[PDB]
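Observations on the model geometry
Residues per chain are reported as follows:
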Amino acid sequence: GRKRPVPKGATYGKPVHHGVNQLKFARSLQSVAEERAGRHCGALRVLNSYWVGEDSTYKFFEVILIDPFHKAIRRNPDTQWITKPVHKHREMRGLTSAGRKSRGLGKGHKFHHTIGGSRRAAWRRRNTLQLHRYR
Amino acid sequence: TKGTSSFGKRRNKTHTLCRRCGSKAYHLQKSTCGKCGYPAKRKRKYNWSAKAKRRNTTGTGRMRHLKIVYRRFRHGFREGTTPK
Amino acid sequence: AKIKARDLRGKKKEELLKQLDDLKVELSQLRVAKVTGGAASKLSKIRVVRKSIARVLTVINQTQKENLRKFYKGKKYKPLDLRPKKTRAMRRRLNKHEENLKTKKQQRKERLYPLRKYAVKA
Amino acid sequence: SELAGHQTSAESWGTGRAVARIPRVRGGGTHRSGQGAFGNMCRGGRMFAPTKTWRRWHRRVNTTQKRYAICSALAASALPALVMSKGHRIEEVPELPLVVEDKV
Amino acid sequence: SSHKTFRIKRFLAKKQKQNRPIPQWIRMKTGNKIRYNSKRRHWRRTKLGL
Amino acid sequence: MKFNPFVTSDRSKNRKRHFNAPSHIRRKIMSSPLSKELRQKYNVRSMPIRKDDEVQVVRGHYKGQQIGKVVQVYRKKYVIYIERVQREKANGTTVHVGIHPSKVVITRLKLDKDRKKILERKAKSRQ
Amino acid sequence: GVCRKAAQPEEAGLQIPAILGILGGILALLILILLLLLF
Amino acid sequence: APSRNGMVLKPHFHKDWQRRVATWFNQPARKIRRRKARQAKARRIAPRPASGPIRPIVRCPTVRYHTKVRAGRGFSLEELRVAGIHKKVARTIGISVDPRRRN
Amino acid sequence: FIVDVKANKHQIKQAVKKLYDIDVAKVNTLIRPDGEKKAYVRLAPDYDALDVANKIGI
RNA sequence: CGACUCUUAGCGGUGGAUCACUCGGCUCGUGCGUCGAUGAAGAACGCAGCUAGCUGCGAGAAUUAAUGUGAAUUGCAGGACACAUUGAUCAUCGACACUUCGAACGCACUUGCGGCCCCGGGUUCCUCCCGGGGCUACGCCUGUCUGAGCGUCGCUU
RNA sequence: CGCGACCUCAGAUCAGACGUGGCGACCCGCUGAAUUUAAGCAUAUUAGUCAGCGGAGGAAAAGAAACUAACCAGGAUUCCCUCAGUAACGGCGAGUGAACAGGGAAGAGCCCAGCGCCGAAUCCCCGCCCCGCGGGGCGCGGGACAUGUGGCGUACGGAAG
RNA sequence: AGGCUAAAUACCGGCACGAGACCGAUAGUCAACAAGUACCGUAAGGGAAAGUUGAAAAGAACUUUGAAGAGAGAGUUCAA
RNA sequence: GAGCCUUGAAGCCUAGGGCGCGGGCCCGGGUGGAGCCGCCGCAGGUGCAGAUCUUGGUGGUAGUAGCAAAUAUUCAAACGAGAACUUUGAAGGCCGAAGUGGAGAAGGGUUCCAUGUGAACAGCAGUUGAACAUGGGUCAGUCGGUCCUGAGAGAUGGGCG
Ligand SMILES: O=C(c1ccc(-n2nnc3cccnc32)cc1)N(c1ncccc1Cl)[C@@H]1CCCNC1
Ligand SMILES: [Mg+2]
Ligand SMILES: [Mg+2]
Ligand SMILES: [Mg+2]
Ligand SMILES: [Mg+2]
Ligand SMILES: [Mg+2]
Ligand SMILES: [Mg+2]
Ligand SMILES: [Mg+2]
Ligand SMILES: [Mg+2]
Ligand SMILES: [Mg+2]
Ligand SMILES: [Mg+2]
Ligand SMILES: [Mg+2]
Ligand SMILES: [Mg+2]
Ligand SMILES: [Mg+2]
Ligand SMILES: [Mg+2]
Ligand SMILES: [Mg+2]
Ligand SMILES: [Mg+2]
Ligand SMILES: [Mg+2]
Ligand SMILES: [Mg+2]
Ligand SMILES: [Mg+2]
Ligand SMILES: [Mg+2]
Ligand SMILES: [Mg+2]
Ligand SMILES: [Mg+2]
Ligand SMILES: [Mg+2]
Ligand SMILES: [Mg+2]
Ligand SMILES: [Mg+2]
Ligand SMILES: [Mg+2]
Ligand SMILES: [Mg+2]
Ligand SMILES: [Mg+2]
Ligand SMILES: [Mg+2]
Ligand SMILES: [Mg+2]
Ligand SMILES: [Mg+2]
Ligand SMILES: [Mg+2]
Ligand SMILES: [Mg+2]
Ligand SMILES: [Mg+2]
Ligand SMILES: [Mg+2]
Ligand SMILES: [Mg+2]
Ligand SMILES: [Mg+2]
Ligand SMILES: [Mg+2]
Ligand SMILES: [Mg+2]
Ligand SMILES: [Mg+2]
Ligand SMILES: [Mg+2]
Ligand SMILES: [Mg+2]
Ligand SMILES: [Mg+2]
Ligand SMILES: [Mg+2]
Ligand SMILES: [Mg+2]
Ligand SMILES: [Mg+2]
Ligand SMILES: [Mg+2]
Ligand SMILES: [Mg+2]
Ligand SMILES: [Mg+2]
Ligand SMILES: [Mg+2]
Ligand SMILES: [Mg+2]
Ligand SMILES: [Mg+2]
Ligand SMILES: [Mg+2]
Ligand SMILES: [Mg+2]
Ligand SMILES: [Mg+2]
Ligand SMILES: [Mg+2]
Ligand SMILES: [Mg+2]
Ligand SMILES: [Zn+2]
């Protein structure tokens, strides 16, 4: 888990926030690996990833990348969705398998925290005080 | 000897005209820029100063190609010429 | 005299070159007149001469560009400015043929289950 | 207004620098430097508690009163002494409630 | 500074091009209310600073 | 009453488009009516003006029965200049006087191919 | 010209010494004189 | 801060609400948009009726609402098999198919 | 002569020959402080600067 | 009596309030929803007959071509006034063209120093010679070519 | 020792193609305070917001249940009115704060891995013709991907024979 | 515990566009005008003042004092 | 209101005539040059002495304080409307080689030079100037940058994020 980047343990805040050593950083390490692979090779598109190894400190993932402009993928129209340009850099908008599981979206009573789209969209509709012409 | 006597020892400039935004912030002794951030790739901007955005965003200069981008969008990018 | 582009399009480029040489000679001599004093009347002449210089270079490049197109036409791998410009998103859209290309499963689905016209009142 | 008159940045000077305790713009050379910043009593400040686009403009009336007012207005249009007392010219006009043919 | 790089001379060249007053035939045009160069620069009071 | 949702009743936009319309619209704005005998002969109400007409003034300080020739047209000033209409300065130099072309009656045209075509378009549209 | 030159002061700025001068700055001098005021 | 006999107020305004106010002013414009969308749908289809797919007969699910009856979603493939017609053929005919519904 | 600032001394030395058909002894250049380039061209001892001035017009 | 001072009023000056006007703002809504290695946004420099700004343009520089329009731009000269040639100006703009920096791209930035390939002239040629053109950034994909490995293995000495 | 086959690999100004930078009003992912409130102030609140960073399009995000319910049962997602200032959280203080039922607007469902059946029946690159314009797409021979698994038939509503 | 997808929806940037019980030059955007211009600070950055002749320049020819500014006559127009 | 007005509205002034207890108003007279009001309802950014208020302007103080650090000027002539200052001559002086001299680095950016003007600027004046206007001026194989490394700064490989 990540260490808070303030120097010498100086939060400059209330006693809520003095905890430099213990933060866990919400996103999963699998999505961290997907971010690094994608932004190192930004020309490609990230499909998914999986686990292959761990010993003490290093954790090892393998990431599948789909080429956008090869003709074998620009034909075969089951696959053209990733060539469609709304999927540039899926890993940083969190659309992958680990990305959805980090954003925390499902259905039902265990997911009222994000009612539609994301927690910010839910927060937007819940605290946007709505006013009509007639009240 | 703190004010007007010691102002007279100003002789060495620490800012030269940077080659990207022309706005005199190319700090030689750090070999960087102050305003635009020239040795970095990406252009320096911040949300905490609205007037910097108001001075350096698009629309201020020429938009000397973005004009004809709009003018070609108004018809939809033809490739033929006209009939006589 | 007047140097009309319509007149110039039938010309050969080796004569366009010599005509442009004469026009630049007129340019330089009237610019000497522009520097020296007694040139009350030659200065509208230097304006129409430089605008005549523009027309001939325009005709030359208009000829050379389409003459380049006439032997890269019908070819794969024609150069970059002769490729369609449009804009970057329109270059990087798929294709009309890749757009209309369909899998055999979806084709047989449309063949078995077509969309009908119906109406329901009576 | 919907936008700041707070485009200027400002601070006060304090008990020293005799003049006042209004915020002031900070600068020099340009002769706005040291004028009155945002506030009401200054030049080029925001108006007091400014107009906001969520003012309650529209008002609702009951539908029964909306129909009652139509009935009352049509009933007042029938009497001749009312409509001359508004300002029309019905002095040489036939009947009050005029009713022409459907050929019109 | 009596020896200086080339960008500085291009800058000072454009500033010497700028520093000149209004010709008189512009002052008598139609709909014109320009009377003088407000952007006029004097070398003692204002310094450009490179 | 205005029924298009794409033309302005707005005073500011109308004055702005008026005082900044380019020259090929200023031609249409500087338009004159024809005399009633010529509108009988040609079946057309109004025309744009040019350098070479024969022009009578209907109102102003210089009024009535003075059919002269136009010489210049400042479309920048929305003004034509008429050959008879003069005034001296203090120093005895004559100068033309500004007449807006709404106060102008055309008695003769200059005939030309494009004027024949415009006149035939006017007659064909008035039908 | 003579008329242009005679015109030129009447239009030539008149308010470039209207840099206004009197930002002034800070005091820190009047109170400096340590009178002590009942030490 | 309080006063005489008056009700305890806890309004929810401490959060900076004046930033995020979305206000109904484009409501008549949206009503005209949705009219033009429905008329465009009617002209863009054909003889096919507007609100084209048929909807079932469905009873609400709460000791409160089970007396009533509601236009449901789809026809519960057991019912659509008893009708004697194939699945996607019903979607082409204009018969709503919802496979999750149980009978 | 007044030369655009892109041109160097060898190109000036070629251009003066290829326009005026006279030799070039040597070429000095400077940047005139208005912004252009002022180029002095010394001619060969055979030719005449007065004749060349009369034949270019100045 | 005069001078001074005060108060009124007429006139005059300093001053720029009120009123009247508005090619300007602000708000609301509809329609559209478009940048970039084919070099963007931004910046620098340059350009008119007389030219500093603003504006508009890029060594074709106050616009070129083409289409429509149909006799002007304008402060002053001139210049094409041609129109029974092609036709001024202005708008539209789809064909050309687009200096240097700028993600900037031959390596850095001091306009410095290069390296190949090709073409015109040089000593009619390589050996640190003039002019011109092209190519020479990083990362990554598909394929080609070259070859490293006591990694695995065969056949052989 | 040489040669060949792979497997791991590097190089190239190799042939062709792609990514970077901007604007950021709306959207998406993370990070993230403090003034203030509580008449003091530590949890709380201000808020998972201002600022920061990375991305994206004309919309994005979401999405065809590991659901809601508990009775005569509904049925992907999105948005509005209600639910409701409620159940609930809280030095149970200040304050915070949902959701399913209901009615509307819009209406849309699908594919693959697995499993097995079809003699790799599949795709990419190069070269020649084919054809008609404003401009590029089917077919024929040889170089590759690929058996550590192209394609067809196939999806939990059952499917295949 | 693998994936795709229109609609209804948000939009103070942009592109044009139409309106207003809105302000009327100390107001309204800071910017009705050569405005992010002049200017200040090394820089981050800060940031103005400034609308109005007349219907038409018809802008005072000419005389006459004064070295000129300035003036007295005369003239323009309904008005100097 | 068949409201009012180029036969003169708004605004402004008024030792003019009046009304109301007042808030204020009505008319007369003069300027002024193109819009204005009464009434019934309606809606506001709606009435000033102050806030060491903000912005703009002008007073008293006042033709006053003050134009005093470094010894210093005088005569004649010239050009000129005009001479305590400009220029020439003569005389008397100062700086006195660690200078009030002769040239450069950094900085300044045309101030360099000539001609013309003396309206504003030079804190008196000026025929003068670094003021304004017009027009000129900076030439390098061998002077320096370019090249070298120093104190250091910074990229790929690598690691971290
Ligand atoms: O110059 C001043 C000076 C003197 C008085 C004021 N004051 N006091 N009240 C004032 C109100 C308005 C204006 N000025 C004011 C300001 C400054 N000096 C000084 N002297 C003594 C104490 C402090 C200082 Cl700073 C220097 C110091 C060294 C010797 N030479 C003189
Ligand atoms: Mg998705
Ligand atoms: Mg209420
Ligand atoms: Mg604010
Ligand atoms: Mg603010
Ligand atoms: Mg304001
Ligand atoms: Mg400065
Ligand atoms: Mg308006
Ligand atoms: Mg109380
Ligand atoms: Mg409570
Ligand atoms: Mg608060
Ligand atoms: Mg007075
Ligand atoms: Mg003023
Ligand atoms: Mg042409
Ligand atoms: Mg670089
Ligand atoms: Mg080359
Ligand atoms: Mg308190
Ligand atoms: Mg405290
Ligand atoms: Mg919180
Ligand atoms: Mg932010
Ligand atoms: Mg980006
Ligand atoms: Mg986009
Ligand atoms: Mg399912
Ligand atoms: Mg309730
Ligand atoms: Mg909360
Ligand atoms: Mg799923
Ligand atoms: Mg999924
Ligand atoms: Mg959608
Ligand atoms: Mg005013
Ligand atoms: Mg303002
Ligand atoms: Mg006028
Ligand atoms: Mg009058
Ligand atoms: Mg008027
Ligand atoms: Mg009244
Ligand atoms: Mg009144
Ligand atoms: Mg109001
Ligand atoms: Mg108020
Ligand atoms: Mg007051
Ligand atoms: Mg009071
Ligand atoms: Mg005060
Ligand atoms: Mg004051
Ligand atoms: Mg005073
Ligand atoms: Mg005294
Ligand atoms: Mg004294
Ligand atoms: Mg002294
Ligand atoms: Mg004399
Ligand atoms: Mg004398
Ligand atoms: Mg003296
Ligand atoms: Mg001595
Ligand atoms: Mg010395
Ligand atoms: Mg003086
Ligand atoms: Mg002199
Ligand atoms: Mg000098
Ligand atoms: Mg000067
Ligand atoms: Mg020599
Ligand atoms: Mg040396
Ligand atoms: Mg580093
Ligand atoms: Mg790295
Ligand atoms: Zn910069």
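Residues numbered from 1 in each chain as written, not as in the entry; some residues may be left out. Chains lettered and ligands numbered in written order. Part of a larger assembly, values for the part shown. Heavy atoms only, no water. Residues with missing side-chain atoms left out of burial classes, pairs and counts.

Its PDB header names cryo-EM as the technique used to obtain the model and reports a resolution of 3.4 Å.

**What about the interface of chain H and chain A?**
Many authors give the size of an interface as the accessible area that is lost as the parts come together. Taken together, the contacts link nine residues of chain H with eight residues of chain A. Between chain H and chain A, roughly 1,000 Å² of surface is buried when both sides are summed, and carbon and sulfur atoms account for 59% of that area. When residues of chain H are sorted by the area they lose upon contact with chain A, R20(H), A22(H) and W24(H) head the list and together hold 54% of the total. Our count for the contact surface shared by chain H and chain A stands at zero salt bridges. At the boundary of chain H with chain A, the tally comes to four residue pairs in polar contact. Considering only residue class, the side of chain H that touches chain A consists of five nonpolar, two polar and two charged. (Contact = heavy atoms within 4.5 Å. Buried area = accessible area lost by both parts, 1.4 Å probe. Salt bridge = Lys/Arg side-chain N within 4 Å of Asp/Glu carboxyl O. Polar contact = N/O pair within 3.5 Å; in protein donor to acceptor, adjacent residues only side chain to side chain. Nonpolar A, V, L, I, M, F, W, Y, C, P; charged D, E, K, R; others polar.)

**Quick look at the protein's contact with RNA strand J**
In the vicinity of RNA strand J, 113 residues are found, and the nearest of them are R62(B), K51(C), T87(C), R33(H) and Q11(I). The sugar and phosphate moieties of RNA strand J supply 66% of its atoms located within 4 Å of the protein. Separating a phosphate oxygen of RNA strand J from a backbone N or O atom of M63(B) is a distance of 3.2 Å. Between RNA strand J and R20(E), the relevant distance is 2.6 Å, taken from a phosphate oxygen to a side-chain nitrogen or oxygen of the residue. Partitioned by chemical class, the residues of the surface near RNA strand J number 32 nonpolar, 30 polar and 51 charged. (Near = heavy atom within 4 Å.)

**Things to note about the sheet that holds strand β8 (residues 104-108) of chain F**
Residue and element names in this part refer to chain F. Pairing is antiparallel across the open sheet formed by four strands, whose spatial order is β5-β4-β3-β8. The open sheet has two edge strands, β5 (79-82) and β8, and neither has a second partner. Across this sheet, the average inter-strand angle for adjacent strands is 55°, counted without regard to direction. Relative to β8, strand β3 (residues 54-57) runs antiparallel, the two being bridged by four bridges. (Pairing = 2+ DSSP bridges. Helix = DSSP H or I, 4+ residues; strand = E, 2+ residues; numbered from the N terminus. Axes fitted to C-alpha atoms, helices over the stretch in contact; angles between N-to-C directions.)

**Comments concerning the environment of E62(A)**
Residues and elements named next belong to chain A. Here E62 lies in strand β2 (residues 59-66). Residues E62 and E91 lie 29 residues apart in sequence; the distance between their C-alpha atoms is 14 Å. Filtering out sequence-adjacent residues up to four positions away, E62 remains in contact with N48, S49, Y50 and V52. Among the polar contacts made by the side chain of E62, one reaches the side chain of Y50 at a distance of 2.3 Å.

**Some details on the interface of chain C and chain H**
Listed per partner, the contact involves nine residues of chain C and 11 residues of chain H. For the chain C and chain H pair, buried surface summed over both sides reaches about 970 Å², with 62% attributable to carbon and sulfur atoms. On the chain C side of the interface with chain H, the three residues burying the most area are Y113(C), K117(C) and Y118(C), jointly 65% of the side's total. Across the chain C-chain H interface, the total number found is zero salt bridges. The interface formed by chain C and chain H holds three residue pairs in polar contact in total.

**Overview of the sheet that holds strand β1 (residues 2-3) of chain I**
Residue and element names in this part refer to chain I. The strand order across the open sheet built from three strands is β1-β3-β2, with neighbouring strands paired in antiparallel fashion. Strands at the two margins of the open sheet, each flanked by one partner only, are β1 and β2 (26-31). Direction of pairing for β1 relative to strand β3 (residues 37-42): antiparallel, over a ladder of two bridges. Pairing of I2 across the sheet is with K38, part of β3. Contacts from helix α1 (residues 9-20) reach β1, β2 and β3, with the element oriented near 125° to β2.

**Some points on the UniProt feature "binding site: Zn(2+)" in chain B**
Residue and element names in this part refer to chain B. The positions UniProt marks with the feature "binding site: Zn(2+)" are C18, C21, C33 and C36. With the annotated positions falling across 19 residues, the maximum pairwise C-alpha distance of 9.6 Å places them together in a single cluster. For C21, the position within the fold is in the segment before β1 (26-27). Residue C21 is classed as partly exposed on the basis of its relative accessible area, which comes to 34%. Among all residues touching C21, those that are not within four sequence positions of it are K35 and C36. (UniProt positions renumbered as here; feature names shortened; annotations may be inferred. Buried < 20%, exposed > 50% of the residue type's maximum accessible area, 1.4 Å probe, protein only.)

**Regarding the arrangement of the chains**
No part of chain F reaches chain G; the closest C-alpha pair between them is 19 Å apart. No part of chain F reaches chain H; the closest C-alpha pair between them is 15 Å apart.

**Side note on helix α1 (residues 29-40) of chain A**
Residues and elements named next belong to chain A. For α1, spanning 12 residues, the distance from its first C-alpha to its last is 16 Å, which sits close to the expected 16 Å at 1.5 Å a residue. Within the span of α1, buried status applies to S31, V32, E34 and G38. Buried residues of α1, viewed axially, fall in a sector of 160°; they line one side. What points out from α1, more than 90 degrees from its buried face, is the exposed set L29, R36 and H40. Taken together, the buried residues of α1 touch β1 (45-54), β2, α3 (90-93) and α4 (97-103). (Expected span 1.5 Å × (residues − 1). Arc of directions from axis to C-beta.)

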